[PDB]
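*Asks:* Next up is a structure, given as structure tokens.
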Amino acid sequence: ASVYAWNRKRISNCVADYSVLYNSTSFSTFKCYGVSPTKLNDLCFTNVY
Amino acid sequence: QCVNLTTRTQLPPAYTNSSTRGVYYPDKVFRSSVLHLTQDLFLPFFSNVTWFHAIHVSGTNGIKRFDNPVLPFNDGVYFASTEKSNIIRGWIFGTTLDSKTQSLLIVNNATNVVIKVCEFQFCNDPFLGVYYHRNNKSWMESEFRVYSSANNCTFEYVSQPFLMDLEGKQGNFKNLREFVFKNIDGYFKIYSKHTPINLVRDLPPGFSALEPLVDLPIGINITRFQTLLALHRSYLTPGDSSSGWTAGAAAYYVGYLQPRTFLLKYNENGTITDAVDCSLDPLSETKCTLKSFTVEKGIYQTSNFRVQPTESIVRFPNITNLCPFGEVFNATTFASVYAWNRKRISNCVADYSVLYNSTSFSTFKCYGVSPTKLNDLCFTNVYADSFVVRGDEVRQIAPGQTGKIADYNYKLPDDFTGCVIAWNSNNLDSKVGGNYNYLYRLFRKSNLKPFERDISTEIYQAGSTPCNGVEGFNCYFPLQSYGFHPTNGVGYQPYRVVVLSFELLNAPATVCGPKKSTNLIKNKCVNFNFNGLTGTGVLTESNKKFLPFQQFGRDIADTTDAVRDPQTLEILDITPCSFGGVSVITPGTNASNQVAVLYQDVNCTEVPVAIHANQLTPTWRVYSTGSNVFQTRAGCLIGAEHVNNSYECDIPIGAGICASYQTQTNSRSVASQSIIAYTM
Amino acid sequence: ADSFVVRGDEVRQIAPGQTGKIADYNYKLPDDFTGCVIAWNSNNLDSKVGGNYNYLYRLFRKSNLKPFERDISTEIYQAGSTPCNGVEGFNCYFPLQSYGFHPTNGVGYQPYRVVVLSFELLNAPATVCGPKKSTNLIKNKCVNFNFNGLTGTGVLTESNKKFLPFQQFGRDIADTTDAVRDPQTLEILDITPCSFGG
Amino acid sequence: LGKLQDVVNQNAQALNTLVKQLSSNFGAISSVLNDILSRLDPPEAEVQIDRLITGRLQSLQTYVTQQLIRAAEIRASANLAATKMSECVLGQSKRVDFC
Amino acid sequence: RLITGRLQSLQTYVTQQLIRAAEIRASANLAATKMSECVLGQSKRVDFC
Ligand SMILES: *[C@@H]1O[C@H](CO)[C@@H](O[C@@H]2O[C@H](CO)[C@@H](O)[C@H](O)[C@H]2NC(C)=O)[C@H](O)[C@H]1NC(C)=O
Ligand SMILES: *[C@@H]1O[C@H](CO)[C@@H](O[C@@H]2O[C@H](CO)[C@@H](O)[C@H](O)[C@H]2NC(C)=O)[C@H](O)[C@H]1NC(C)=O
Ligand SMILES: *[C@@H]1O[C@H](CO)[C@@H](O[C@@H]2O[C@H](CO)[C@@H](O)[C@H](O)[C@H]2NC(C)=O)[C@H](O)[C@H]1NC(C)=O
Ligand SMILES: *[C@@H]1O[C@H](CO)[C@@H](O[C@@H]2O[C@H](CO)[C@@H](O)[C@H](O)[C@H]2NC(C)=O)[C@H](O)[C@H]1NC(C)=O
Ligand SMILES: *[C@@H]1O[C@H](CO)[C@@H](O[C@@H]2O[C@H](CO)[C@@H](O)[C@H](O)[C@H]2NC(C)=O)[C@H](O)[C@H]1NC(C)=O
Ligand SMILES: *[C@@H]1O[C@H](CO)[C@@H](O[C@@H]2O[C@H](CO)[C@@H](O)[C@H](O)[C@H]2NC(C)=O)[C@H](O)[C@H]1NC(C)=O
Ligand SMILES: *[C@@H]1O[C@H](CO)[C@@H](O)[C@H](O)[C@H]1NC(C)=O
Ligand SMILES: *[C@@H]1O[C@H](CO)[C@@H](O)[C@H](O)[C@H]1NC(C)=O
Ligand SMILES: *[C@@H]1O[C@H](CO)[C@@H](O)[C@H](O)[C@H]1NC(C)=O
Ligand SMILES: *[C@@H]1O[C@H](CO)[C@@H](O)[C@H](O)[C@H]1NC(C)=O
Ligand SMILES: *[C@@H]1O[C@H](CO)[C@@H](O)[C@H](O)[C@H]1NC(C)=O
Ligand SMILES: *[C@@H]1O[C@H](CO)[C@@H](O)[C@H](O)[C@H]1NC(C)=O
Ligand SMILES: *[C@@H]1O[C@H](CO)[C@@H](O)[C@H](O)[C@H]1NC(C)=O
Ligand SMILES: *[C@@H]1O[C@H](CO)[C@@H](O)[C@H](O)[C@H]1NC(C)=O
Ligand SMILES: *[C@@H]1O[C@H](CO)[C@@H](O)[C@H](O)[C@H]1NC(C)=O
Ligand SMILES: *[C@@H]1O[C@H](CO)[C@@H](O)[C@H](O)[C@H]1NC(C)=O
Ligand SMILES: *[C@@H]1O[C@H](CO)[C@@H](O)[C@H](O)[C@H]1NC(C)=O
């Protein structure tokens, strides 16, 4: 969706394995706030958008 | 055009003291009715000031000698003038004062000032001539006679003249004019004031506050300057060259600013009305240590405000071997990221200025060490760790960064304390058709530990079915190639990365910086910079025993107090450039000005050594030795005389001894009221 | 304003605590710049075909620059331990050099235009304000006032305080702005705390 | 000698702490001002220097508070001693177990 | 940072006030003893009054 109308999606019931998205794309920016990128593999969440 | 200067009667110029004048607002912040304490650049009180007569008066039987020297512009200049008929016009500032370097010019040819930042080619002895004489082609003439040419000019500023002019009343030397010039942060700041004086010479012991005048954003290197004279005698230099030095009377006073601590006081209007130089005498230091212009009767334990370090020394090991940055960065090929080559950089001088006309570093992110202070920081262990990656992954070379490269390939640690350098190399290892030689690991059963290398070449158990050593359905080869076609966007071009891991330790230096070495001061107060280690203090030879690999030894609580010189291998000892035991005994500011000094637990033989009288003002050297050399059991008491009487204690001093201000003017034939130090 | 054109890779060198070619020999941004650095790519404006070769840059210098300094020298660099006067000898290079903006290079070589604005907030009349508009003037209630780049909560009141012609605000005993001057009417106001704790 | 020694020791001990506490990092990268000044530029070393300054100033405040409390206790003891001197040496006391 | 500094200043002021209050309490106890021993009667203590 275009920036002026961005699509909001509720991610749920995952295990959130970022290792899957390695041989598909190269993230030019992965900047995290409040949560360290290193401690993302062992941090269960309660609401994701 | 210009005319030369055949002066022969030149004599060493006289000197005077800047009593209390030269105080300017050292900021732009408004302050009303407050006692502030700054330590910016100020002209010290009673400081030495050079007196120049410039022209030599031809009235006294005829003298035609011109003396216009070039003077240094060391970090601020105070300029005082006592002439009346615009004999001093303006100034020139610059580095070489030639056409090879830009310069600054200020001229007051009429009732408006002109400032130029051109590249004038100044002649040997610039001056200004024609002023005003009708029927001589000299009435209102804007001649220059100062520069031969001016090209590539940047800043021009024409505005209202600095101060009032004309009003020629010879014999009075009215309108004393004071200026302070300070070139900081590119800004050239001129602070100005004028007062209606009437004395002939020997500037009065008065206090003057210099209001700010201009802040020109010129941004040039200024180290020397000269004064512009008005040599008229009704036109320029009449006749042939020279023979035109007659201009009446000229005299200006020049002083140099030094870093000093002051106690400027503001009134309700925001105008500085009084100040205290916290270096001049113990009374001033006592005023500063408690922040008040009025000090009452008693003893006071002051802070340290006397000695300030004035010289800096640098001692680096004598190596003189340029580092093979060219042999590393300009390599034919780099190792792939999954197998990064580690190289021990040693015996270098680490001059980064070499790698300027070879590459443009896209990333120079330094951790633990600031990039600015890399030219003066000797190291003890350096590693290269070079590899080639994709552009989008260059951001993954970071301590707290995660990703494919930072989890399966490199995994920089959390205390890297090094510098990551990365530059694009799409024109060096991205041959047509795809390089396909720089490999990278894509699969791994776990993450990588910091500074680990995994040349595995195994089969990844991606699926829940053993597959031995063949590429099955869910069994992929772990490594994969990038492919550097010289047509991809900047997000796929090869980036070469070198991550240096410095190591600062108590070991002999191995990889230093481009900074050179200086001489070795051994008994004064200096700012020393030994191996990657700076500090202020006093060096001294010592008999300390040092281990062969040891470089420095600390105090009881982590304070390096004995360094080893890297050029002579001799052991030094650092003592603090401060002896805090000084107690000032005062009868109150509104009773007298004399004070007594009590240096703690020192006999009157080490006091000039203890407080470094050689680096102190003469007023302090007065309170270092002399006739009043009374010795007590709590350090001796230079400043007050000792009497055999046993009067009642008035001001406690130490163990038994007291002091008091007594009106001995009646008892003594000549000596007036004075401070005495009896026993209780 | 302080506008200039640099190479794309070097645009990261316009920073207070940064070092490099421009950061040591060309610009040398200070450590208290307290402004805003703007930079945008301009490969389509000053990168004519065949190479612009007009934007020069200094590469050699006997030392570094002081902050906010400009050096139009055009001298001969003493790179070697042999005097050479004013000719390009063996170890005597011309200090300045050209970039060359071919409109085909990667983004690491395309021209970037940089403007570094250096603001200055002082007790002086405002010169460059913002797009925010002005409102009415409450004179006896508890309001959040925003005078010239200066916000605060309190109660305003007319006062007989005497202000210098250039003065814009006056503070309390310990650095607390208590009397501001209205920019639209030039009259002197007085700020009292919107809190009486007794 | 007892308490007469103790107070002296206490004072000395306090001073020793005020020295031995100069090695506390207080959150800085290193509890050495010279090392920070040599390793980091002013704009980035400033925060570490303020950390060290705050830690050392808090240490000085703690030492001053301890000195004030000890001085109050010594003041009470000195008042008791002065009363004993002026009541049992300059006269005779009828107070039981006072002297 | 400002809040921490000002809170430390307030704590220092409160501690100084507490110490001064203790000293004043001791002085007030001495004054009350003198008031009830030398005004409401006669004291045989040497140099007490
Ligand atoms: C002082 O000298 C300057 C040049 O050194 C004069 O500058 C120009 O002079 C011409 C004619 O004399 C004027 O038309 C210009 O307006 C002047 N300024 C500039 C920027 O060109 C100047 O006139 C002289 N006299 C003054 C400043 O009173
Ligand atoms: C001042 O600098 C300029 C160049 O920055 C010199 O003037 C001419 O400038 C054009 C481009 O603007 C060049 O193409 C010419 O070659 C320059 N002329 C020369 C170099 O003679 C000017 O010479 C410089 N002035 C001085 C005194 O060196
Ligand atoms: C170092 O090697 C050990 C042993 O091979 C690794 O531990 C294994 O890790 C895998 C995947 O995490 C597990 O499936 C195995 O059960 C582990 N075995 C043992 C004996 O621990 C360890 O992960 C390796 N470490 C690194 C950083 O590669
Ligand atoms: C590096 O510099 C040091 C001086 O800092 C040199 O030491 C000199 O050694 C010679 C031979 O013993 C003496 O004659 C000199 O007097 C010494 N230095 C001085 C000036 O006092 C040393 O030789 C130099 N070479 C290296 C690389 O060690
Ligand atoms: C400002 O000019 C002075 C004088 O030209 C420069 O000082 C010179 O610096 C070079 C290289 O650092 C030395 O080789 C000279 O011996 C120095 N001479 C003097 C008299 O100091 C100074 O470096 C310049 N500053 C800037 C920022 O350009
Ligand atoms: C700034 O602009 C305002 C615009 O409103 C000016 O306020 C007006 O001033 C005129 C003349 O005194 C009055 O007739 C209007 O009624 C005012 N309008 C209001 C409500 O503000 C103000 O005078 C201007 N100030 C300056 C210094 O230019
Ligand atoms: C990665 O994806 C590409 C795209 O299809 C594929 O050709 C390649 O085999 C994949 N590599 C691995 C290790 O799965
Ligand atoms: C996206 O999905 C399509 C079809 O599902 C597939 O062909 C393509 O390879 C996928 N791309 C990536 C990057 O996963
Ligand atoms: C100022 O310095 C000169 C030497 O340059 C010296 O002769 C003079 O005595 C000093 N000041 C005075 C007036 O004592
Ligand atoms: C003075 O004479 C010298 C010759 O030694 C010359 O170089 C210089 O330019 C002359 N000064 C002026 C102002 O012409
Ligand atoms: C300063 O100079 C004056 C003479 O101009 C002299 O009377 C005075 O004593 C000097 N003061 C000092 C201490 O320099
Ligand atoms: C402040 O300036 C005003 C205006 O001239 C003047 O009347 C007043 O006396 C000044 N106050 C002081 C303390 O100089
Ligand atoms: C780098 O190495 C190449 C090898 O041919 C050489 O030509 C070049 O001058 C060297 N310098 C550079 C460009 O770094
Ligand atoms: C950089 O090196 C190249 C190739 O030797 C040369 O043509 C160019 O003039 C050099 N530029 C500078 C100023 O170092
Ligand atoms: C000094 O004391 C005298 C006498 O009390 C008094 O008249 C004068 O105003 C006082 N001056 C100062 C500086 O306090
Ligand atoms: C140093 O001071 C002590 C204190 O009395 C004294 O005994 C000793 O002689 C002094 N030193 C010298 C060298 O006079
Ligand atoms: C006290 O008198 C003795 C004997 O003349 C003398 O040596 C000593 O210096 C005197 N002390 C003083 C005047 O303080």
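Per Swiss-Prot, chain B residues shown: 14-680, 685-697, in order.
Using the three backbone atoms N, Cα and C, a Cβ is placed for every residue, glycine included.
As listed in Swiss-Prot for this protein:
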DISULFID  B:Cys15-B:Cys136  disulfide bond
DISULFID  B:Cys131-B:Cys166  disulfide bond
DISULFID  B:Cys291-B:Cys301  disulfide bond
DISULFID  B:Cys336-B:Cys361  disulfide bond
DISULFID  B:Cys379-B:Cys432  disulfide bond
DISULFID  B:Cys391-B:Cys525  disulfide bond
DISULFID  B:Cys480-B:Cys488  disulfide bond
DISULFID  B:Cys538-B:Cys590  disulfide bond
DISULFID  B:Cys617-B:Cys649  disulfide bond
DISULFID  B:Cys662-B:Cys671  disulfide bond
CARBOHYD  B:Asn61  N-linked glycosylation site
CARBOHYD  B:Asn74  N-linked glycosylation site
CARBOHYD  B:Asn165  N-linked glycosylation site
CARBOHYD  B:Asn234  N-linked glycosylation site
CARBOHYD  B:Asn282  N-linked glycosylation site
CARBOHYD  B:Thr323  O-linked glycosylation site
CARBOHYD  B:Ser325  O-linked glycosylation site
CARBOHYD  B:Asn331  N-linked glycosylation site
CARBOHYD  B:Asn343  N-linked glycosylation site
CARBOHYD  B:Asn616  N-linked glycosylation site
CARBOHYD  B:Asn657  N-linked glycosylation site
CARBOHYD  B:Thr678  O-linked glycosylation site
REGION    B:173-185  region 'Disordered'
REGION    B:246-262  region 'Disordered'
REGION    B:319-335  region 'Disordered'
REGION    B:448-456  region 'Immunodominant HLA epitope recognized by the CD8+'
REGION    B:455-490  region 'Disordered'
*Asks:* Which number gives the other C-beta atoms within 10 angstroms of the C-beta of B:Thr323 (O-linked glycosylation site), all protein chains shown included?
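*Replies:* Result for B:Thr323 (O-linked glycosylation site): 12 other Cβ atoms within 10 Å.
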*Asks:* For the region 'Disordered' (B:173-185), jot down how many residues DSSP puts in helix, in strand and in coil.
*Replies:* 0 helix, 0 strand, 13 coil
*Asks:* Using Cβ atoms and a strict cutoff of less than 8 Å, what residues sit near the region 'Disordered' (B:173-185) while being 6 or more residues removed from its termini?
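*Replies:* For the region 'Disordered' (B:173-185), the far contacts come to 97-99, 121, 123-126, 192, 205, 207, 211, 226, 261-262.
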*Asks:* Any idea which of the disulfide-bonded residues B:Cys131, B:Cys301, B:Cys432, B:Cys590, B:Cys662 has the thinnest Cβ neighbourhood at 10 Å?
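*Replies:* Taking B:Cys131, B:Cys301, B:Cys432, B:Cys590, B:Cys662 as the disulfide-bonded residues, the minimal 10 Å Cβ count falls on B:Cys662.
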*Asks:* Filter the candidate list B:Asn74, B:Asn165, B:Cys480, B:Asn616 of recorded positions, keeping only entries whose CB is under 6 Å from an atom of ligand 2.
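*Replies:* So the answer is B:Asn165.
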*Asks:* If we check Cα distances from B:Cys166 (disulfide bond), which of the recorded positions B:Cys15, B:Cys291, B:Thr323, B:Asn343, B:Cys391 wins as closest?
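*Replies:* Minimum Cα distance from B:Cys166 (disulfide bond) across B:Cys15, B:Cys291, B:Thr323, B:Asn343, B:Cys391 lands on B:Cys15.
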*Asks:* Quick test of understanding: given the recorded positions B:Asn165, B:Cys361, B:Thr678, name the ones whose C-beta is under 8 angstroms from chain C.
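*Replies:* Checking chain C against the recorded positions, the residues within range (Cβ-Cβ under 8 Å) are B:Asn165.
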*Asks:* List the helix, strand and coil residue totals of the region 'Disordered' (B:246-262) as derived from DSSP.
*Replies:* 0 helix, 0 strand, 17 coil
*Asks:* According to DSSP, which of helix, strand or coil covers B:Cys538 (disulfide bond)?
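*Replies:* In the DSSP reduction, B:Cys538 (disulfide bond) maps to strand.
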*Asks:* With the Cβ under 6 Å from ligand 17 as the test, give me the qualifying entries from the recorded positions B:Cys15, B:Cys525, B:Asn657.
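*Replies:* Within range of ligand 17: B:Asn657.
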*Asks:* Which of these recorded positions is closest to B:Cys291 (disulfide bond) if you go by CA atoms: B:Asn74, B:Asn331, B:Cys361, B:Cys538, B:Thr678?
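*Replies:* Closest recorded candidate to B:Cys291 (disulfide bond) by Cα: B:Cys538.
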*Asks:* Have a look around B:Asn282 (N-linked glycosylation site) and count the other CB atoms within 10 A of its CB, chains all included.
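*Replies:* B:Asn282 (N-linked glycosylation site): 11 neighbouring Cβ atoms within 10 Å.
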*Asks:* Look at the disulfide-bonded residues B:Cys291, B:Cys379, B:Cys391, B:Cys538 and tell me which residue has the greatest number of other C-beta atoms within 10 angstroms of its C-beta.
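*Replies:* Of the disulfide-bonded residues B:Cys291, B:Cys379, B:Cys391, B:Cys538, the most buried by Cβ count within 10 Å is B:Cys391.
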*Asks:* Whole-number Å distance between the CA of B:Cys525 (disulfide bond) and the CA of B:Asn331 (N-linked glycosylation site)?
*Replies:* 10
*Asks:* To the nearest whole angstrom, state the Cα distance for the pair B:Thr678 (O-linked glycosylation site) and B:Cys480 (disulfide bond).
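*Replies:* B:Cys480 (disulfide bond) has its Cα 112 Å from the Cα of B:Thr678 (O-linked glycosylation site).
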*Asks:* Which residues in the same chain, at least 6 apart in sequence, have a Cβ under 8 Å from the Cβ of B:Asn616 (N-linked glycosylation site)?
*Replies:* B:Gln644, B:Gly648, B:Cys649
